[PDB]
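data35.cif follows; it contains mmCIF, C-alpha atoms.
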```cif
data_input
loop_
_atom_site.label_atom_id
_atom_site.label_comp_id
_atom_site.auth_asym_id
_atom_site.auth_seq_id
_atom_site.Cartn_x
_atom_site.Cartn_y
_atom_site.Cartn_z
CA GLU A 1 0.00 0.00 0.00
CA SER A 2 0.95 3.71 0.10
CA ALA A 3 2.69 3.47 3.46
CA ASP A 4 5.13 0.70 2.32
CA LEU A 5 6.02 2.76 -0.79
CA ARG A 6 6.70 5.85 1.37
CA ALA A 7 8.91 3.78 3.65
CA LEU A 8 10.85 2.55 0.53
CA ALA A 9 11.23 6.16 -0.66
CA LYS A 10 12.64 7.18 2.71
CA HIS A 11 14.93 4.18 3.10
CA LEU A 12 16.37 4.96 -0.32
CA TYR A 13 16.71 8.68 0.37
CA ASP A 14 18.64 8.01 3.64
CA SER A 15 20.83 5.57 1.72
CA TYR A 16 21.42 8.10 -1.10
CA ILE A 17 22.55 10.74 1.49
CA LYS A 18 25.11 8.28 2.96
CA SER A 19 26.41 7.02 -0.41
CA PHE A 20 26.86 10.30 -2.24
CA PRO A 21 29.12 13.05 -0.77
CA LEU A 22 27.75 16.01 -2.79
CA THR A 23 23.93 16.04 -3.06
CA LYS A 24 21.90 18.11 -5.53
CA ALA A 25 20.84 20.32 -2.52
CA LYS A 26 24.46 21.32 -1.65
CA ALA A 27 25.28 21.62 -5.39
CA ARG A 28 22.44 24.04 -6.03
CA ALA A 29 23.30 26.08 -2.91
CA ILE A 30 26.88 26.39 -4.24
CA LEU A 31 25.77 27.27 -7.78
CA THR A 32 23.23 30.03 -6.85
CA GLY A 33 25.47 31.59 -4.19
CA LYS A 34 23.19 30.80 -1.25
CA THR A 35 25.81 28.76 0.62
CA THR A 36 27.98 30.85 2.97
CA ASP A 37 31.02 28.80 1.78
CA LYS A 38 34.01 30.03 -0.20
CA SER A 39 32.92 30.12 -3.89
CA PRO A 40 34.41 27.52 -6.22
CA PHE A 41 37.61 28.35 -8.04
CA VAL A 42 36.59 28.96 -11.70
CA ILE A 43 38.50 27.11 -14.43
CA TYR A 44 37.73 28.90 -17.69
CA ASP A 45 41.08 28.33 -19.50
CA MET A 46 44.55 26.88 -19.63
CA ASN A 47 45.98 29.34 -17.10
CA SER A 48 43.10 29.09 -14.62
CA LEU A 49 43.35 25.30 -14.79
CA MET A 50 47.03 25.68 -13.94
CA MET A 51 46.43 28.11 -11.02
CA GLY A 52 43.62 25.86 -9.81
CA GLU A 53 45.81 22.71 -9.31
CA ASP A 54 45.88 23.67 -5.56
CA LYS A 55 42.06 23.29 -5.16
CA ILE A 56 41.69 19.89 -7.01
CA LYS A 57 43.44 16.46 -7.01
CA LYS A 58 50.88 14.83 -20.03
CA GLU A 59 49.02 17.48 -22.21
CA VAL A 60 45.91 19.37 -21.00
CA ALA A 61 43.02 17.65 -22.76
CA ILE A 62 44.58 14.34 -21.57
CA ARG A 63 44.95 15.51 -17.97
CA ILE A 64 41.37 16.71 -17.76
CA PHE A 65 40.24 13.41 -19.28
CA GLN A 66 42.24 11.45 -16.72
CA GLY A 67 40.80 13.63 -13.93
CA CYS A 68 37.28 12.85 -15.23
CA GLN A 69 38.47 9.25 -15.14
CA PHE A 70 39.51 9.29 -11.48
CA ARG A 71 36.14 10.79 -10.43
CA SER A 72 34.14 8.21 -12.46
CA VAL A 73 35.79 5.36 -10.59
CA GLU A 74 34.78 6.94 -7.31
CA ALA A 75 31.23 7.44 -8.67
CA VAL A 76 31.05 3.79 -9.67
CA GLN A 77 32.12 2.88 -6.11
CA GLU A 78 29.50 5.23 -4.59
CA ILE A 79 26.77 3.88 -6.92
CA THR A 80 27.77 0.29 -6.00
CA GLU A 81 27.34 0.95 -2.29
CA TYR A 82 23.96 2.64 -3.04
CA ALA A 83 22.75 -0.39 -5.09
CA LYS A 84 23.53 -2.77 -2.20
CA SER A 85 21.07 -0.74 -0.11
CA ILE A 86 18.19 -1.22 -2.63
CA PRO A 87 15.98 -3.85 -0.87
CA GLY A 88 16.37 -7.22 -2.62
CA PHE A 89 19.36 -6.24 -4.76
CA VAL A 90 22.03 -8.29 -2.85
CA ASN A 91 19.75 -11.40 -2.83
CA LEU A 92 19.90 -11.47 -6.66
CA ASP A 93 22.33 -13.72 -8.40
CA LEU A 94 25.74 -12.01 -8.12
CA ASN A 95 26.32 -12.21 -11.90
CA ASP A 96 23.09 -10.30 -12.31
CA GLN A 97 24.15 -7.68 -9.75
CA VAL A 98 27.29 -7.25 -11.83
CA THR A 99 25.33 -6.93 -15.10
CA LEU A 100 22.93 -4.35 -13.65
CA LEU A 101 25.82 -2.18 -12.42
CA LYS A 102 27.83 -2.67 -15.58
CA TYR A 103 25.03 -1.23 -17.72
CA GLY A 104 23.55 1.19 -15.15
CA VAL A 105 26.45 3.10 -13.59
CA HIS A 106 27.11 5.46 -16.52
CA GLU A 107 23.37 6.17 -16.78
CA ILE A 108 23.44 7.20 -13.11
CA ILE A 109 26.66 9.15 -13.55
CA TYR A 110 24.99 11.31 -16.23
CA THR A 111 21.80 11.65 -14.19
CA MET A 112 23.76 12.82 -11.17
CA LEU A 113 26.24 14.92 -13.08
CA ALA A 114 23.21 17.05 -14.10
CA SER A 115 22.81 17.93 -10.40
CA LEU A 116 26.26 19.52 -10.62
CA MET A 117 25.64 21.39 -13.88
CA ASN A 118 24.15 24.59 -15.25
CA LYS A 119 24.21 25.83 -18.89
CA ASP A 120 27.60 27.49 -18.20
CA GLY A 121 29.60 24.76 -16.46
CA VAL A 122 29.99 22.00 -13.92
CA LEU A 123 31.10 21.80 -10.30
CA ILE A 124 34.11 19.60 -9.68
CA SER A 125 36.13 18.34 -6.72
CA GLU A 126 33.05 18.15 -4.49
CA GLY A 127 31.90 21.68 -5.28
CA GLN A 128 35.21 23.51 -4.77
CA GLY A 129 35.92 23.99 -8.52
CA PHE A 130 33.73 25.07 -11.43
CA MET A 131 34.84 24.15 -14.91
CA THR A 132 33.16 26.16 -17.65
CA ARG A 133 31.35 24.63 -20.53
CA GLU A 134 33.15 26.78 -23.11
CA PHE A 135 36.49 25.67 -21.73
CA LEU A 136 35.51 21.94 -22.09
CA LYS A 137 34.23 22.53 -25.70
CA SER A 138 37.47 24.44 -26.53
CA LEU A 139 39.53 21.30 -25.87
CA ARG A 140 41.23 19.76 -28.93
CA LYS A 141 39.32 16.88 -30.53
CA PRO A 142 38.09 14.37 -29.65
CA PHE A 143 38.12 15.76 -26.09
CA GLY A 144 36.08 18.87 -27.02
CA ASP A 145 33.02 16.71 -27.84
CA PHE A 146 33.15 14.59 -24.69
CA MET A 147 31.22 16.65 -22.11
CA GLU A 148 28.95 18.75 -24.38
CA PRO A 149 26.22 16.03 -24.82
CA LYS A 150 26.12 15.67 -20.98
CA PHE A 151 25.49 19.48 -20.77
CA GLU A 152 22.74 19.27 -23.39
CA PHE A 153 21.08 16.47 -21.46
CA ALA A 154 21.51 18.12 -18.09
CA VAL A 155 19.85 21.31 -19.32
CA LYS A 156 16.59 19.54 -20.29
CA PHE A 157 16.74 17.19 -17.26
CA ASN A 158 17.26 20.01 -14.73
CA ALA A 159 14.01 21.62 -16.03
CA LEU A 160 12.02 18.82 -14.27
CA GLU A 161 13.29 20.37 -10.99
CA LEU A 162 13.71 17.03 -9.17
CA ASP A 163 15.27 16.93 -5.74
CA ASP A 164 17.42 14.43 -3.95
CA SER A 165 14.45 12.46 -2.61
CA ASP A 166 13.05 12.04 -6.13
CA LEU A 167 16.45 11.25 -7.59
CA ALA A 168 17.18 8.54 -4.97
CA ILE A 169 14.22 6.51 -6.34
CA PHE A 170 14.81 7.32 -9.98
CA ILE A 171 18.41 6.06 -9.76
CA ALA A 172 17.21 2.81 -8.11
CA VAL A 173 14.70 2.32 -10.97
CA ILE A 174 17.51 2.69 -13.52
CA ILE A 175 19.69 0.13 -11.73
CA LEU A 176 16.88 -2.49 -11.65
CA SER A 177 16.35 -2.53 -15.43
CA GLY A 178 15.20 -6.02 -16.43
CA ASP A 179 16.20 -5.61 -20.10
CA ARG A 180 19.95 -5.37 -19.71
CA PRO A 181 21.80 -7.79 -22.03
CA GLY A 182 22.84 -11.11 -20.48
CA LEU A 183 20.72 -11.16 -17.35
CA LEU A 184 20.19 -14.71 -16.09
CA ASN A 185 17.00 -14.27 -14.05
CA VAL A 186 14.86 -11.23 -15.11
CA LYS A 187 11.68 -11.85 -13.03
CA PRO A 188 13.01 -10.95 -9.53
CA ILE A 189 14.72 -7.83 -11.01
CA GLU A 190 11.38 -6.78 -12.55
CA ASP A 191 9.52 -7.47 -9.34
CA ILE A 192 11.82 -5.06 -7.48
CA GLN A 193 11.61 -2.48 -10.34
CA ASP A 194 7.81 -2.58 -10.35
CA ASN A 195 7.89 -1.74 -6.71
CA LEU A 196 10.41 1.13 -7.16
CA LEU A 197 8.33 2.54 -10.10
CA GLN A 198 5.23 2.72 -7.91
CA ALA A 199 7.31 4.34 -5.15
CA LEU A 200 8.67 6.87 -7.71
CA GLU A 201 5.16 7.73 -9.01
CA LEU A 202 3.72 8.24 -5.46
CA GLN A 203 6.81 10.37 -4.56
CA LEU A 204 6.31 12.58 -7.64
CA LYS A 205 2.61 13.12 -6.82
CA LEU A 206 3.32 13.98 -3.15
CA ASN A 207 6.51 16.00 -3.64
CA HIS A 208 5.39 17.83 -6.84
CA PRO A 209 1.54 17.87 -6.66
CA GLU A 210 1.46 20.91 -8.94
CA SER A 211 3.61 19.06 -11.57
CA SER A 212 1.40 16.68 -13.54
CA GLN A 213 2.99 13.72 -15.50
CA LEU A 214 6.43 14.42 -14.14
CA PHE A 215 6.52 10.63 -13.72
CA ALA A 216 5.86 10.17 -17.43
CA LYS A 217 8.35 12.88 -18.48
CA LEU A 218 10.94 11.29 -16.26
CA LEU A 219 10.49 7.80 -17.82
CA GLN A 220 10.95 9.24 -21.33
CA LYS A 221 14.41 10.56 -20.17
CA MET A 222 15.50 7.01 -19.19
CA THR A 223 15.73 6.38 -22.96
CA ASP A 224 17.66 9.65 -23.59
CA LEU A 225 20.17 8.35 -21.07
CA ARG A 226 20.84 5.13 -22.99
CA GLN A 227 21.63 7.22 -26.07
CA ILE A 228 24.13 9.48 -24.37
CA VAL A 229 25.67 6.32 -22.90
CA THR A 230 25.96 4.67 -26.34
CA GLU A 231 27.23 7.89 -27.92
CA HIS A 232 29.74 8.08 -25.04
CA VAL A 233 30.98 4.48 -25.36
CA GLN A 234 31.73 5.13 -29.06
CA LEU A 235 33.69 8.35 -28.40
CA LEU A 236 35.64 6.39 -25.82
CA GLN A 237 36.12 3.62 -28.38
CA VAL A 238 37.62 6.34 -30.65
CA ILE A 239 39.84 7.75 -27.84
CA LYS A 240 41.08 4.23 -26.86
CA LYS A 241 42.25 3.87 -30.51
CA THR A 242 43.50 7.33 -31.62
CA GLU A 243 45.44 8.14 -28.40
CA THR A 244 48.29 6.15 -26.82
CA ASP A 245 49.78 8.25 -23.95
CA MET A 246 46.94 7.27 -21.58
CA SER A 247 45.58 4.11 -20.03
CA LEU A 248 41.94 3.57 -19.01
CA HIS A 249 41.41 2.69 -15.38
CA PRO A 250 40.97 -1.06 -14.89
CA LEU A 251 37.46 -0.73 -13.27
CA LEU A 252 36.31 1.26 -16.30
CA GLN A 253 37.88 -1.40 -18.55
CA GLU A 254 35.72 -4.07 -16.79
CA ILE A 255 32.58 -1.96 -17.36
CA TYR A 256 33.13 -0.92 -21.02
CA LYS A 257 34.36 -4.18 -22.61
CA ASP A 258 31.46 -5.99 -24.24
CA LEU A 259 29.11 -3.08 -23.67
CA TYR A 260 26.38 -1.76 -25.98
CA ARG B 1 36.02 -11.46 -15.09
CA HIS B 2 34.64 -8.30 -13.40
CA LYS B 3 37.02 -8.97 -10.53
CA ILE B 4 36.84 -5.41 -9.17
CA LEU B 5 33.06 -5.13 -9.59
CA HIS B 6 32.80 -8.50 -7.83
CA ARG B 7 35.11 -7.28 -5.08
CA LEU B 8 33.09 -4.03 -4.61
CA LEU B 9 29.88 -6.08 -4.46
CA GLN B 10 31.17 -8.75 -2.00
CA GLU B 11 32.59 -6.04 0.37
#
```
Written form, structure tokens:
Amino acid sequence: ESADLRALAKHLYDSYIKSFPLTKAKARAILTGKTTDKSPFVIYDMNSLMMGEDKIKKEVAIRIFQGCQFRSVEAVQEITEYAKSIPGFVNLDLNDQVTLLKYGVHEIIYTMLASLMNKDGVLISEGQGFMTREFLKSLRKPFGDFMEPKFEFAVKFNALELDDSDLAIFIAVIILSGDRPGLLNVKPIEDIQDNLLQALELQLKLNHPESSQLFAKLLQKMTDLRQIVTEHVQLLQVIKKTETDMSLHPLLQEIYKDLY
Amino acid sequence: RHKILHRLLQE
């Protein structure tokens, strides 16, 4: 009933808060100025990047890309701990848990990256940097084209005005996708997803009662996400080939090989 | 295969 679905929403929200250092709430406070914290160091060019080494952790495009690579691995780790909190996930066949993460994590990375983004740029290093969109486009190819589709997506997605409590359920729904290639036992995955989808719908009616068919708009975006992921795998396929002075992190190698 | 993913899950 309604009560059970509310309890699921809250269990997931609490779990989201623990798993993810920088929430959409903190990120929006930073981006609009309303936090009382020191504003993020702005990285709008080659020099500002250089001066900003002190606030974050061979050639420039490549160094940015390898920074993006470090953060992804951490995201994958955070998303993995979050999954394990989704009721019934750890009782699935372990090979299915792996498959779900393999195909889901980048979809959640782009969903959650939108929390950190406006039309002008993206917070980095847990809100203490802000790397402009023009700077990321200005990078020499193929690195110029890497982040721009994530900005395009974020701009539309941010218009739905979801908060953390909505996003916690949406992300869980994405992870429990019964149509991922190679799943061994779909039915228990779908049973959990059906339950999350009802929890998401109730949440969207309660938390945005003036927004009608937010639930439906939000499901349509789950398909947009698969595109950006496929588009992204192919640019990475290109980068793997056309560049040599850079190795992909082993965890990201696991995820991307034999993927879409 | 997926040794790290396995490790992160079994943790």
With only C-alpha atoms counted and 8 Å as the cut-off, give the residues of chain B in contact with chain A, each with its shortest interatomic distance in Å and the pair that gives it, as a Markdown table.
```
| residue | atom | partner | partner_atom | distance |
| --- | --- | --- | --- | --- |
| B:1 | CA | A:254 | CA | 7.6 |
| B:2 | CA | A:254 | CA | 5.5 |
| B:4 | CA | A:251 | CA | 6.3 |
| B:5 | CA | A:98 | CA | 6.5 |
| B:6 | CA | A:98 | CA | 6.9 |
| B:8 | CA | A:80 | CA | 7.0 |
| B:9 | CA | A:80 | CA | 6.9 |
```
- Quick one: which residues end up in the PyMOL selection byres ((chain A and resi 214) around 10) for this structure, as number ranges by chain? A: 160-162, 201, 204-205, 208-213, 215-220
Discussion item. I'd like to see the residues matched by the PyMOL selection byres ((chain A and resi 164-174) around 8) on this file, and ideally I'd get them as a count of residues only.
Written reply: 27
Report task. May I ask for the distance between CA of residue 131 in chain A and CA of residue 43 in chain A, given in Å to one decimal place? Result ->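 Taking CA of residue 131 in chain A as the start and CA of residue 43 in chain A as the end point, the length is 4.7 Å.
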Would you mind listing what lies within 10 Å of residue 236 in chain A as an MDAnalysis selection string, with all atoms listed in the file counted and same-chain residues fewer than 5 positions away left out? chainID A and resid 142:143 146 230:231 241:242 248 256
Would you write out those residues with C-alpha atoms, as a short mmCIF file (atom, residue, chain, number, x, y, z; two decimals), in the frame of the given file?
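This is the output file part_34.cif:
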```
data_model
loop_
_atom_site.label_atom_id
_atom_site.label_comp_id
_atom_site.auth_asym_id
_atom_site.auth_seq_id
_atom_site.Cartn_x
_atom_site.Cartn_y
_atom_site.Cartn_z
CA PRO A 142 38.09 14.37 -29.65
CA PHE A 143 38.12 15.76 -26.09
CA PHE A 146 33.15 14.59 -24.69
CA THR A 230 25.96 4.67 -26.34
CA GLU A 231 27.23 7.89 -27.92
CA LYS A 241 42.25 3.87 -30.51
CA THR A 242 43.50 7.33 -31.62
CA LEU A 248 41.94 3.57 -19.01
CA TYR A 256 33.13 -0.92 -21.02
#
```
